[PDB]
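> Before I ask anything, let me first share the structure, which is written out below as structure tokens.
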4 protein chains.
Amino acid sequence: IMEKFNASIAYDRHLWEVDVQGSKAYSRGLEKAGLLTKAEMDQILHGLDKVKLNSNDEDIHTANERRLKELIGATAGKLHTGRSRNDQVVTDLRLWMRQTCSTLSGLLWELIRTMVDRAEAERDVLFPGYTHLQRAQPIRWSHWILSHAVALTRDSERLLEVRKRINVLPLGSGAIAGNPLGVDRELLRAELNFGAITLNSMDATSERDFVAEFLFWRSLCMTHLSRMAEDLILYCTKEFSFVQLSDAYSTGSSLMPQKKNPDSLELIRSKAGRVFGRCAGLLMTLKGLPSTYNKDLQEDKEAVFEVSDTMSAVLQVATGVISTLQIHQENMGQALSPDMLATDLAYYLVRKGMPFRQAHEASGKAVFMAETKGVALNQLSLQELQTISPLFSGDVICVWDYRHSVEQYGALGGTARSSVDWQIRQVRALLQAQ
Amino acid sequence: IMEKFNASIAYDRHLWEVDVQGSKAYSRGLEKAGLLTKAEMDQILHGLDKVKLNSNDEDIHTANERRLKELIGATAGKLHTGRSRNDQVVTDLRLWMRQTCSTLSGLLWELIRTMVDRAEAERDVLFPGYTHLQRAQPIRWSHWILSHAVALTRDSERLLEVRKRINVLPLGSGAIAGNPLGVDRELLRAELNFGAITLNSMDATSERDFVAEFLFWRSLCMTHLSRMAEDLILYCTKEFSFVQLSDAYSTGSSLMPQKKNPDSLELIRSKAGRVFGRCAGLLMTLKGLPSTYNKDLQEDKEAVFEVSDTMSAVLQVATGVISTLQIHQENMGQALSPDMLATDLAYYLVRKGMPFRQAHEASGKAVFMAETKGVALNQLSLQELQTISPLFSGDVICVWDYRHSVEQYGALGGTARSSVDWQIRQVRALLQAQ
Amino acid sequence: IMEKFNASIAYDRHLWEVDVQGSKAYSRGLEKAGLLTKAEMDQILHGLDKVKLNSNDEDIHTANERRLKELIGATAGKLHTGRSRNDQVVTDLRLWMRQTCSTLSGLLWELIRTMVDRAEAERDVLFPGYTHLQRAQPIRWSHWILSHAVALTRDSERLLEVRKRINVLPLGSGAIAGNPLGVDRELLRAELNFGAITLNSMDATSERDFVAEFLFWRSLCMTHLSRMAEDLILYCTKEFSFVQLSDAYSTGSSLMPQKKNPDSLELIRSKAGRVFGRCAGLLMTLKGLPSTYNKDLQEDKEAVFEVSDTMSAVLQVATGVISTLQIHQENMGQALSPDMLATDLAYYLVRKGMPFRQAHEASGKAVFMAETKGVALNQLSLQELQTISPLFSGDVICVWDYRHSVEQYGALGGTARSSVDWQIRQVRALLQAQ
Amino acid sequence: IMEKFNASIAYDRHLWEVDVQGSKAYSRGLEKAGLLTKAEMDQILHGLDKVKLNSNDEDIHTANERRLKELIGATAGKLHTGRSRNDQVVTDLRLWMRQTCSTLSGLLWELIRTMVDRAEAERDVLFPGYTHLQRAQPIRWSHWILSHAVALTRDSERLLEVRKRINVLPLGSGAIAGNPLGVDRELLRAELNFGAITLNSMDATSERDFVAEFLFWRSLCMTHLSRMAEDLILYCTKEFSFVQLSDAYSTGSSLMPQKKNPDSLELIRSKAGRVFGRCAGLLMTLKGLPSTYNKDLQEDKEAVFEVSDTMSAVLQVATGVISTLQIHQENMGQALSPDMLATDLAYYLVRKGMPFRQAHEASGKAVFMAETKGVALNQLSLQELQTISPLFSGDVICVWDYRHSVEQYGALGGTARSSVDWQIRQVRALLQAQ
């Protein structure tokens with residue numbers, strides 16, 4: 001069971017197109033040191049672009065040389081001098097990840113692109129804003145769509161910051177101390193197209209902060225998307241009926257088709273901890289490992305392989321739900337109430353030159369009046385409001401306009417059409433410098 | 001119990017000097033909007049620099065206005081129009097944290113400063129390098145000291161990156177939608193000395209990514225320091241006896257003083273998960289919270305308050321152990337062995353124009369020879385090595401020099417004096433651009 | 001900072017009434033071995049029932065002997081022979097916990113008692129049952145109240161199982177190997193009223209599984225209560241309006257009192273991860289500690305001290321919400337719909353001797369018929385249903401009774417009045433054997 | 001991607017032999033209700049023991065009926081009336097797990113059996129006991145072997161306790177409320193050989209405490225085995241050289257075979273968090289799921305499938321390392337020192353009628369004397385000790401016997417041969433009542 005425990009091939013199959021490319025460079029490195037002749041350098045170089053399985057192999061690194069060694073045979077044995085598994089593999093992984101995050105950053109970018117573009121489009125819809133899940137203030141639909149953009153926007157700032165910490169080159173760090181044969185790291189950083197070489201042989205080998213940061217990230221992006229899905233499956237309630245799901249991104253409901261059953265917005269929510277799970281593990285796996293490269297570290301692979309395949313895929317379903325998303329407008333506009341407008345009478349007298357406690361006591365007196373009058377806030381008489389405060393005049397009429405209350409929240413970052421337009425710029429622009 | 005559950009004062013006492021400063025600005029904001037008169041603006045402004053307890057208060061925000069309201073009384077009621085608890089508090093927290101990370105980044109900087117400076121100083125000491133905890137290669141002491149620098153160096157890059165994400169200004173985001181009275185956010189970002197204002201009212205209110213990133217960070221810095229301490233308490237073993245602890249940073253050992261008992265390097269290791277614990281929680285606490293500002297979020301405080309007080313303090317003990325640290329040199333130099341030098345005979349013939357498998361088979365033949373000769377590698381005759389390979393000549397003598405083997409690992413990032421010197425520059429410089 | 005890091009008194013104040021009691025026994029132990037004379041045994045025994053602070057002390061164990069040593073002075077020095085801090089403290093903790101779990105098991109018992117009793121009382125209320133948060137089947141209110149009982153019932157089985165694993169006596173395990181002076185463990189297990197003594201000196205000292213299990217438990221009970229609160233704050237939605245919160249267990253809502261704002265059912269949900277946090281830590285804190293009693297372990301205290309004070313308190317607020325809980329019955333009964341009854345026409349023909357696919361295709365044909373007839377399921381004509389299937393007869397009338405559909409789910413464990421009554425017995429009884 | 005997200009077959013292949021068996025019973029259930037005729041009951045019964053793949057299927061439940069439906073065709077459609085996926089699957093999982101824990105409890109039992117038996121065998125070996133990783137007291141080797149038994153013994157008490165909570169029968173709980181057709185649960189609990197039926201339809205469906213407890217368990221057993229491996233890889237240090245690994249359970253070391261390189265005892269340590277990871281996730285995945293059976297819950301499978309395959313396998317390698325384990329006795333006996341015996345002179349005068357502080361001050365005076373005499377504790381003259389205390393006499397000679405000091409720790413649970421023999425009984429017996 002042990003060797004079938006040491007066995008890395010099942011999960012690490014993916015490093016093929018990375019194992020050959022990382023070698024072709026180190027091939028070019030040794031010859032520059034004069035360890036290989038052009039003629040033989042060009043021998044194992046082609047093989048690694050001339051390159052079934054076998055039971056005796058442990059890892060993908062094996063699978064290759066074990067193959068390389070037939071077609072070439074001679075040169076093959078030497079190809080791998082000075083560069084051990086431990087430095088070979090981190091090169092084999094920084095490389096895959098750095099390609100996979102380029103991908104990851106693009107998918108996430110479309111999600112933010114898809115939301116911001118839609119926000120512009122649905123800008124004028126009204127619906128309610130909740131606090132402790134209870135109707136509090138009329139606020140715009142794009143203002144909701146936008147808070148999931150801005151927050152998803154941060155994730156790509158993060159993932160762009162990690163993109164650069166992954167781009168380091170460790171190759172040539174040997175096993176504990178560096179490369180004995182002297183081969184220059186610089187050539188290895190140019191060919192592999194990485195940002196720069198690493199300034200220490202024991203860290204490049206024993207450290208996996210690059211995967212740790214990536215899992216911190218993922219677990220945070222999901223915390224973000226599991227909230228987007230908590231909001232949506234709640235807005236998708238027969239009770240609420242704000243948004244209706246696409247019958248392609250929705251589960252089969254029969255004999256009672258009124259039950260437009262979610263699922264996509266549930267699978268997105270489950271992953272929150274399945275992604276966090278691996279991070280919660282990868283950090284404990286290395287809680288206090290003594291020295292340079294312990295075997296413990298074989299966990300780096302399976303983990304970034306699962307969390308990245310969950311992420312690249314989920315983000316696509318998330319964009320796939322926001323764009324299809326069909327909203328029931330009337331339902332949303334009928335979801336408002338003058339009870340939320342009560343706080344707005346306080347803001348009126350404030351502009352007419354009155355203090356707040358007082359201003360909001362008049363609102364309180366306006367509530368109690370309709371209560372006992374029985375007929376609500378819209379049903380209140382002008383002279384009546386002139387009783388509560390003479391400051392009250394003809395312009396109280398406009399305070400009963402839900403969209404007026406919304407265009408009352410200005411000053412950059414508010415929910416006025418003006419401010420939503422400003423946000424739709426800032427995110428798009430933020431993305432433009434990404 | 002509930003209100004004594006709602007009660008925030010016990011832990012949130014610290015926000016005093018932050019609650020008064022965040023107000024003095026918002027005081028200057030409202031008047032600019034014309035909500036306060038200079039004369040009254042200057043009334044509540046002084047009070048908030050003119051400013052015992054009381055049982056009826058819930059939070060530190062209360063404690064202040066409840067105090068402000070006597071001395072001023074009049075103006076006091078209005079002071080707090082438009083800015084609710086939810087936007088008041090995140091301002092009250094971004095602010096504290098941003099001062100505490102300035103602090104945090106300085107402490108961590110000295111730790112890296114203290115190690116790099118020492119590395120330069122002890123550069124020439126030799127000791128062994130372990131793999132799966134077993135003697136593998138002679139490598140320098142500063143080369144160990146340096147791998148904990150480079151790695152701690154990354155943490156300050158992170159913490160500097162968070163330092164900027166915390167520096168955002170949310171004030172003026174009202175409750176769900178923005179500020180109704182229009183007060184300009186810009187003035188609020190200038191006075192509070194923050195980088196810029198936030199581009200959304202619902203995110204500034206419901207989001208705590210700023211504390212989430214900080215806990216991700218801390219848990220990673222400890223993973224780093226709990227390893228430094230795993231290495232040190234192991235090097236501090238009577239069995240190993242590489243380093244001897246300061247009897248100030250070491251625990252009382254009696255009747256057998258030979259037992260120089262560690263503790264500081266144990267308290268540093270325990271925290272790994274006590275720091276990770278809060279992060280593991282803070283992310284679950286908000287696994288999928290429906291909408292804008294739920295009460296759930298009251299967890300943001302106690303958590304960054306504990307993790308930051310653990311971090312600022314531990315880092316000082318860590319610098320406090322590295323600088324005092326007294327090493328038993330002889331013990332370390334006697335900790336080497338020609339068995340580790342066996343792999344170096346393979347690298348000799350390689351330079352004399354021989355292939356590796358062959359070169360390392362000759363080493364293998366050299367091992368077996370001393371084995372059966374009984375007398376080890378240093379005890380091997382020249383013509384004997386001329387038997388294993390005629391390439392072997394007078395210069396085999398120098399291969400038995402531990403420091404020669406170490407100066408064999410060059411090419412940037414290795415453990416040669418040359419490379420350690422290069423690293424001592426790069427970190428110091430990295431820090432110079434921080 | 002270090003000693004003010006070693007300092008245990010701030011959090012470990014609570015062990016007073018446990019430190020004196022654990023000693024009085026070990027006093028009785030040593031004399032039985034003949035290490036103390038009755039006369040002097042009775043000297044330090046009284047002191048420890050005759051027993052301000054001081055800065056030079058580290059722990060609560062200190063605080064006591066340092067006090068004991070004045071009043072007695074002589075005998076005092078010897079009192080503590082053979083029993084070191086490491087075995088003294090685990091005794092000091094098994095003891096506190098075992099009293100605190102007795103407490104914990106009682107609070108949780110009342111919560112289950114309070115729910116089951118209420119279930120009996122509100123048995124006949126109808127409301128809907130949701131799947132992916134969408135109206136699916138009419139089911140009883142006590143059937144909801146009962147699923148949180150049964151599940152909370154398991155937690156007390158767990159906590160009762162841990163109650164016994166905590167009840168082990170470690171005292172007398174010295175430091176690494178046992179007690180050198182021979183004092184019998186048996187007497188120490190009788191006096192301290194524990195279940196039995198521990199069969200190993202190195203485990204009793206280094207192991208904290210007793211707190212680890214307790215935190216596993218807590219984190220699971222909250223997962224349970226954070227769900228009860230997710231259900232309730234959702235049922236408390238102005239949109240849903242199933243249950244209305246007590247204005248004592250509810251937060252202040254003004255100018256729009258229609259917004260009966262939750263909080264208690266939010267504080268209960270936040271803790272989910274604040275409780276899980278400590279568990280997520282306590283397990284990482286000891287991920288692979290080498291040998292017998294490392295200092296790392298000082299984490300055992302602060303953690304079970306926070307998680308237990310959160311638990312004993314939350315459970316009271318949870319019982320405090322279920323009992324006050326006021327429900328809007330009409331709202332709940334009007335929350336049903338014949339669309340959910342469609343699946344019940346399939347179960348009718350099934351009893352009249354028809355196969356399901358067919359039976360449920362007739363229901364499907366009945367849906368489409370009302371759809372196109374425009375007039376819903378209750379509005380369907382008898383001969384009409386005799387068209388879809390002649391099996392349909394006069395008894396179709398009763399299928400439109402929501403409570404008939406509910407009394408259709410029998411066979412132990414269903415939601416028929418009969419089954420709810422059966423459950424109200426089983427839980428109560430389960431508790432009776434606890 | 002969504003459906004290839006909904007797809008369960010890849011991981012859930014294993015439930016075959018469980019899906020057919022759970023049906024054959026429910027087949028026998030419906031007929032007893034009179035829903036199936038013996039003749040047709042015996043039709044789908046054989047098929048489900050008469051029972052390639054297909055792309056249109058989602059789960060293993062599908063794969064079967066989709067197959068069942070050809071060979072039988074007729075009866076097949078009805079086979080699945082009243083029992084939906086949600087209750088079908090938990091039956092499909094309680095069942096697999098309950099078989100897999102029987103297995104799990106046996107493997108773990110052999111590990112405890114293998115250690116206890118060996119302890120008896122190596123009983124007389126001496127080696128040192130460490131505290132903060134520093135030589136403190138001479139203690140027996142079986143006394144180490146035994147502390148990992150007692151602690152592993154608890155895990156099987158746990159796993160035996162979960163074994164019973166898994167043994168519950170949910171089948172017949174329909175979807176939200178129970179079985180509509182009335183089929184008796186009792187028959188379903190007898191045929192499936194489970195302990196009893198569940199007393200609630202909404203809990204059996206939405207709850208996964210059974211997997212949650214199993215992951216709590218696993219993560220704890222590994223915390224235990226990752227410590228056993230931390231101890232062993234440290235005892236396996238060339239520096240320590242207490243135990244030598246089997247060259248079958250050890251990694252290839254060349255050119256320096258003195259480096260007997262561990263691995264098995266590293267793979268065991270890595271899993272600590274890979275096991276904890278899933279638990280840390282599975283609990284967050286359900287942090288506060290609203291109602292009866294949300295789709296979120298599809299996580300129950302992949303998780304208990306990975307954690308159980310890691311556990312059943314690791315435990316075998318752990319038994320596989322303890323039994324092969326070859327110890328270097330001389331090395332261990334030479335690992336002792338009279339410095340550890342210093343504390344034993346204090347225990348001598350104590351028996352000769354002297355108080356401790358005094359007794360241990362004489363030891364202190366004995367240390368200082370040898371220090372300044374230069375010649376250590378064994379080199380101390382009788383009249384010399386008669387100078388420090390006249391109580392000192394001829395029997396001081398035996399205090400310099402390491403095994404005497406070990407046989408000084410009696411009173412049940414100590415490290416005297418007498419006590420180790422007592423422990424070897426208690427564990428074996430504990431296992432006998434398991």
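All residue names refer to the structure tokens as shown: chains lettered A, B, ... in order, residues numbered from 1 in each chain, ligands numbered from 1 in order.
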Counting only C-alpha atoms, which residues of chain B sit at most 9 Å from some atom of chain C, and what is each one's closest atom pair with its distance in Å to one decimal, listed by chain and rising residue number, as CSV?

residue,atom,partner,partner_atom,distance
B:1,CA,C:313,CA,7.1
B:2,CA,C:317,CA,6.8
B:5,CA,C:267,CA,8.0
B:6,CA,C:267,CA,8.3
B:249,CA,C:2,CA,7.7
B:262,CA,C:295,CA,8.8
B:263,CA,C:295,CA,6.5
B:264,CA,C:2,CA,7.0
B:266,CA,C:296,CA,5.6
B:267,CA,C:296,CA,6.0
B:268,CA,C:296,CA,8.5
B:269,CA,C:296,CA,6.8
B:270,CA,C:296,CA,4.8
B:271,CA,C:285,CA,7.0
B:272,CA,C:285,CA,6.4
B:273,CA,C:281,CA,4.4
B:274,CA,C:281,CA,5.2
B:275,CA,C:281,CA,7.6
B:276,CA,C:281,CA,6.2
B:277,CA,C:281,CA,4.1
B:278,CA,C:277,CA,5.4
B:279,CA,C:277,CA,7.4
B:280,CA,C:277,CA,5.4
B:281,CA,C:277,CA,4.1
B:282,CA,C:273,CA,6.7
B:283,CA,C:273,CA,7.8
B:284,CA,C:273,CA,5.1
B:285,CA,C:273,CA,4.9
B:286,CA,C:270,CA,7.8
B:294,CA,C:266,CA,7.7
B:295,CA,C:266,CA,6.1
B:296,CA,C:270,CA,4.8
B:297,CA,C:270,CA,7.3
B:298,CA,C:270,CA,8.1
B:299,CA,C:270,CA,7.4
B:313,CA,C:1,CA,7.1
B:314,CA,C:2,CA,8.6
B:316,CA,C:1,CA,8.3
B:317,CA,C:2,CA,6.8
> Would you return as a PyMOL selection string the members of region 198-350 of chain D that DSSP assigns to strand (DSSP E or B) on this structure's backbone?
chain D and resi 243-244+251+261+326-327
> Write the residues of the selection above to a file with C-alpha atoms, as a short mmCIF file (atom, residue, chain, number, x, y, z; two decimals), in the first residue's frame.

data_model
loop_
_atom_site.label_atom_id
_atom_site.label_comp_id
_atom_site.auth_asym_id
_atom_site.auth_seq_id
_atom_site.Cartn_x
_atom_site.Cartn_y
_atom_site.Cartn_z
CA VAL D 243 15.15 3.15 16.37
CA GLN D 244 16.21 2.08 12.87
CA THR D 251 13.35 5.36 1.60
CA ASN D 261 15.77 7.75 5.25
CA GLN D 326 14.07 -2.52 14.80
CA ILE D 327 15.60 -0.77 17.84
#
> So which residues touch residue 239 (chain C) within 8 Å, counting only C-alpha atoms, skipping near sequence neighbours fewer than 3 positions away, as a list in words?
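The residues satisfying every condition are residues 134, 239 and 240 of chain A.
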> Restricting it to N, CA and C atoms, dump the selection as a PDB file, in the first residue's frame.

ATOM      1  N   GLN A 134     -34.807  42.176   6.649  1.00  0.00           N
ATOM      2  CA  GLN A 134     -36.107  42.842   6.673  1.00  0.00           C
ATOM      3  C   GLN A 134     -36.161  44.177   5.921  1.00  0.00           C
ATOM      4  N   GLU A 239     -41.908  32.787  -2.221  1.00  0.00           N
ATOM      5  CA  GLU A 239     -42.375  33.812  -1.296  1.00  0.00           C
ATOM      6  C   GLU A 239     -41.939  35.226  -1.738  1.00  0.00           C
ATOM      7  N   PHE A 240     -40.669  35.359  -2.131  1.00  0.00           N
ATOM      8  CA  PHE A 240     -40.081  36.625  -2.587  1.00  0.00           C
ATOM      9  C   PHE A 240     -40.407  36.908  -4.076  1.00  0.00           C
TER      10      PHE A 240
END
> Any chance you could list, as number ranges by chain, the residues in region 73-224 of chain C that come up alpha helix (DSSP H) when DSSP is run on the backbone?
C: 74-79, 85-122, 142-145, 147-166, 185-191, 201-206, 209-224
> Write out as a ChimeraX atom specification the residues lying within 8 Å of residue 64 (chain A), counting only C-alpha atoms and excluding same-chain residues fewer than 2 positions away.
/A:19-20,51,60-62,66-68
> Can you pull out every residue within 7 Å of region 154-156 of chain A, counting only C-alpha atoms, but drop anything in the same chain fewer than 5 positions away, and send it as a PyMOL selection string?
chain A and resi 105+108+221
> Create the file for the chosen residues now, containing C-alpha atoms and written as a tab-separated table (two decimals), in the first residue's frame.

chain	number	residue	atom	x	y	z
A	105	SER	CA	-7.93	35.63	-13.84
A	108	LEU	CA	-13.17	35.94	-13.01
A	221	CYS	CA	-13.70	34.20	-3.58
> Compile the contact shell of residue 22 (chain A) as a list in words: residues with an atom at most 8 Å away, counting only C-alpha atoms, same-chain residues fewer than 6 positions apart removed.
residues 91, 92 and 192 of chain A
> Take the residues that were just selected and, keeping C-alpha atoms, output them as a PDB file, in the first residue's frame.

ATOM      1  CA  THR A  91       9.383  24.113 -11.225  1.00  0.00           C
ATOM      2  CA  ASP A  92       6.866  21.652 -12.578  1.00  0.00           C
ATOM      3  CA  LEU A 192      11.093  29.618 -18.661  1.00  0.00           C
TER       4      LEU A 192
END
> Return the single residue from C:118, C:24, C:301, C:135 that is closest to residue 59 (chain C), with distances computed using only C-alpha atoms.
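For residue 59 (chain C), the nearest of the candidates is C:301.
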> Between D:52, D:412, D:201, D:196, which one has atoms that come closest to residue 147 (chain C), using only C-alpha atoms?
D:201
> Which neighbours of residue 396 (chain A) fall inside 10 Å, counting only C-alpha atoms, when residues of the same chain fewer than 4 positions from it are skipped, and could you give them as a list in words?
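Non-adjacent residues within range: residues 344, 345, 348, 349, 378, 380, 382, 385, 391, 392, 400 and 401 of chain A.
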> May I have the residues from that selection written out with C-alpha atoms, as a compact mmCIF listing (two decimals), in the first residue's frame?

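Result went into again24.txt, see below:
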# COMPACT_ATOMS: atom_id res chain seq x y z
CA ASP A 344 -37.36 60.25 4.55
CA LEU A 345 -39.68 62.86 6.16
CA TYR A 348 -36.96 66.81 4.38
CA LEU A 349 -37.23 69.15 7.43
CA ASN A 378 -49.43 58.44 1.40
CA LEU A 380 -51.78 62.05 4.96
CA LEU A 382 -51.08 68.64 3.81
CA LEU A 385 -48.30 67.70 8.04
CA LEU A 391 -42.02 73.51 7.43
CA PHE A 392 -43.94 70.78 5.68
CA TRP A 400 -43.69 59.47 -1.63
CA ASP A 401 -41.75 58.57 -4.72
> At what distance in Å, to one decimal, does CA of residue 170 (chain D) lie from CA of residue 94 (chain D)?
8.7 Å
> Distance CA of residue 180 (chain B)-CA of residue 410 (chain A), one decimal place?
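According to the coordinates, CA of residue 180 (chain B) and CA of residue 410 (chain A) are separated by 6.7 Å.
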> As an exercise, work out the distance from CA of residue 111 (chain D) to CA of residue 197 (chain C) in Å and give it to one decimal place.
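Pair CA of residue 111 (chain D) / CA of residue 197 (chain C) returns 23.6 Å.
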> Nearest to residue 346 (chain C) among D:364, D:172, D:290, D:82, with distances taken over only C-alpha atoms: which residue is it?
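Using only C-alpha atoms, the shortest distance to residue 346 (chain C) belongs to D:82.
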